[PDB]
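**Student:** need a structure here:
(2 chains, ligands or ions: 2)
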2 protein chains.
Amino acid sequence: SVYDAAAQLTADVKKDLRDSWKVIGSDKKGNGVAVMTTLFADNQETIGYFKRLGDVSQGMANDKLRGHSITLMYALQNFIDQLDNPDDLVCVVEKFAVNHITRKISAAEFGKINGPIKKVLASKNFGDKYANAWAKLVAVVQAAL
Amino acid sequence: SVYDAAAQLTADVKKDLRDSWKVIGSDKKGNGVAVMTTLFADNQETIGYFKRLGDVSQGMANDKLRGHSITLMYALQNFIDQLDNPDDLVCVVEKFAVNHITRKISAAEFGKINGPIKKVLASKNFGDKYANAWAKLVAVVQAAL
Ligand code: HEM
Ligand code: HEM
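**Tutor:** Numbering: from 1, shown residues only, chains lettered A, B, ... in the order given. Ligands and ions are numbered 1, 2, ... in the order given. Take a look:
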């Protein structure tokens, strides 16, 4: 199932993911926080999953939120580095899904991250072409949930 | 405390961490699996914590172990990237400690990773000076458990 979703990651898709990551991943703290705060803004209900982070309205200034945001970017860094080897990408994606499955985060719930990522990409001038590429990467993770 | 331990990362310690990581971090899959296999070999008692991984003796052939090993290296990548800012290093370490605290991994238990790291370092011509540098970094995490 995860292997099938990984099959959608064509040569052109991987190319756009890498080029866009070269910029997005250059500032993990800045963009990581941008993704989370945007998620909470467009889908307030997702905050129910982050009670441990405390006052998320503080954004960057919130140490726990900042810690989470930075760490989130290293999961994406991981995925991006394994793109050329489906076997490694799959094992890393399934490993990643373990904790999210335990948190009872469905594929649909996880997909709510697509909007934030699309917006962050647009702030760096990466159009729909790139947003679609990232939606496909997220789809690989969704297949594991 | 974690804040006092982070202050132990002096200038030369950070430098040695970077220089050694430049090599060790070049092959996250290979070195990551070596670290885990060494841990299970020198400290068989820790295998109980990894029941989900299955037959750990399969090494690289075990998809779950390989996935975990690769992911582990990205946590270290995270720490290394935060060496410039103590505030970020701390929030990232505390974030990382959450799941390990939940698994009831004590500071003493976590410290068993020092042996494996030292051996992997040695296999790449990096001696005691570097093993001690990494022990200090591991100490920051121990302070958070
Ligand atoms: C591409 C998007 C995402 C990435 C790369 C990502 C990455 C991570 C990482 C690396 C962790 C730390 C390791 C762990 O405990 O699993 C984590 C924790 C977590 N994730 Fe995800 N995640 C993503 C999306 C989501 C979404 C959409 C939700 C929920 C709506 C979610 C909820 C959580 C929660 C609740 C935690 C624990 C936070 C804490 O208490 O510190 N994640 N995620
Ligand atoms: C350099 C030290 C270590 C690093 C960088 C590291 C890194 C990680 C990472 C990134 C994860 C995935 C996220 C999470 O679930 O928290 C993880 C999972 C885990 N770690 Fe640690 N860890 C280290 C040492 C240890 C040690 C010494 C133990 C046990 C004595 C331990 C036990 C666990 C367990 C049981 C899991 C879950 C594995 C699974 O079921 O997939 N870790 N660790």
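
**Student:** residue contacts, residue A:42?
**Tutor:** When contacts are counted by CB atoms under 8 Å, 6 or more residues apart in numbering or on different chains, residue A:42 is found next to A:112, A:115, A:116. Where C-beta positions appear, they are placed from N, C-alpha and C, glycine not excepted.

**Student:** rerun at 6 Å
**Tutor:** Shown in contact with residue A:42 (CB atoms under 6 Å, 6 or more residues apart in numbering or on different chains): residue A:115.

**Student:** Let me know whether the helix ranked longest in chain A sits next to ligand 1.
**Tutor:** Longest among the helix segments of chain A by residue count, using DSSP state H, is helix A:63-81. Yes - taking CB under 6 Å from any ligand atom as the criterion, helix A:63-81 and ligand 1 are in contact, through A:68, A:71, A:72, A:75, A:76.

**Student:** Likewise for stretch A:19-33?
**Tutor:** No - contact check for stretch A:19-33 against ligand 1, using CB under 6 Å from any ligand atom: none in range, with a minimum separation of 9.2 Å.

**Student:** CA atoms only: put that stretch into PDB for me.
**Tutor:** What follows is the C-alpha trace of stretch A:19-33 in PDB, where atoms were taken according to Å, rounded to 0.1, in the frame of the first residue of the first chain:
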ATOM      1  CA  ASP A  19      14.300  22.000  -5.500                       C
ATOM      2  CA  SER A  20      11.600  23.400  -3.200                       C
ATOM      3  CA  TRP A  21      13.200  21.700  -0.100                       C
ATOM      4  CA  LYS A  22      16.500  23.400  -0.900                       C
ATOM      5  CA  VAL A  23      14.800  26.600   0.000                       C
ATOM      6  CA  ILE A  24      12.100  25.600   2.600                       C
ATOM      7  CA  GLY A  25      14.600  23.400   4.500                       C
ATOM      8  CA  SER A  26      17.200  26.200   4.600                       C
ATOM      9  CA  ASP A  27      15.300  27.700   7.500                       C
ATOM     10  CA  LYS A  28      13.800  24.900   9.500                       C
ATOM     11  CA  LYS A  29      12.900  26.900  12.600                       C
ATOM     12  CA  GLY A  30      11.300  29.800  10.600                       C
ATOM     13  CA  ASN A  31       9.300  27.700   8.200                       C
ATOM     14  CA  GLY A  32       8.600  24.900  10.600                       C
ATOM     15  CA  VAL A  33       6.800  27.400  12.900                       C
END
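
**Student:** distance between that stretch and the chain's centre?
**Tutor:** Stretch A:19-33 has its C-alpha centroid displaced from the chain centroid by 11 Å (CA atoms, centre = their mean, to the nearest Å).

**Student:** For that stretch, list every residue counted as buried.
**Tutor:** Neighbour counts over stretch A:19-33 (16 or more other CB atoms under 10 Å in any protein chain shown) mark A:20, A:21, A:24, A:25, A:28, A:29, A:31, A:32, A:33 as buried.

**Student:** what does the strand or helix carrying residue A:97 contact?
**Tutor:** In the assignment (DSSP states H and E), residue A:97 maps to helix A:86-102. Counting by CB under 6 Å, 6+ apart, helix A:86-102 makes contact with A:2-3, A:6, A:75, A:78, A:82, A:140-141, A:144-145, B:63, B:66-68, B:70-71, all of which sit outside it.

**Student:** what two of the residues you listed are the furthest from one another?
**Tutor:** Between all members of the contacts of helix A:86-102, the longest pairwise span (CB to CB) is found for A:145 and B:66 and amounts to 20.5 Å.

**Student:** Which one's more surrounded, those two?
**Tutor:** Shown here are residue A:145 and residue B:66; by other CB atoms under 10 Å in any protein chain shown, residue B:66 has more neighbours (23 against 17).

**Student:** So residue A:142 versus residue B:17, what's the distance?
**Tutor:** The gap separating residue A:142 from residue B:17 is 36 Å, by CB to CB, to the nearest Å.

**Student:** ok and the residue in chain A nearest ligand 1?
**Tutor:** Scanning chain A for proximity to ligand 1 using CB to the nearest ligand atom identifies residue A:99 as nearest, at 3.4 Å.
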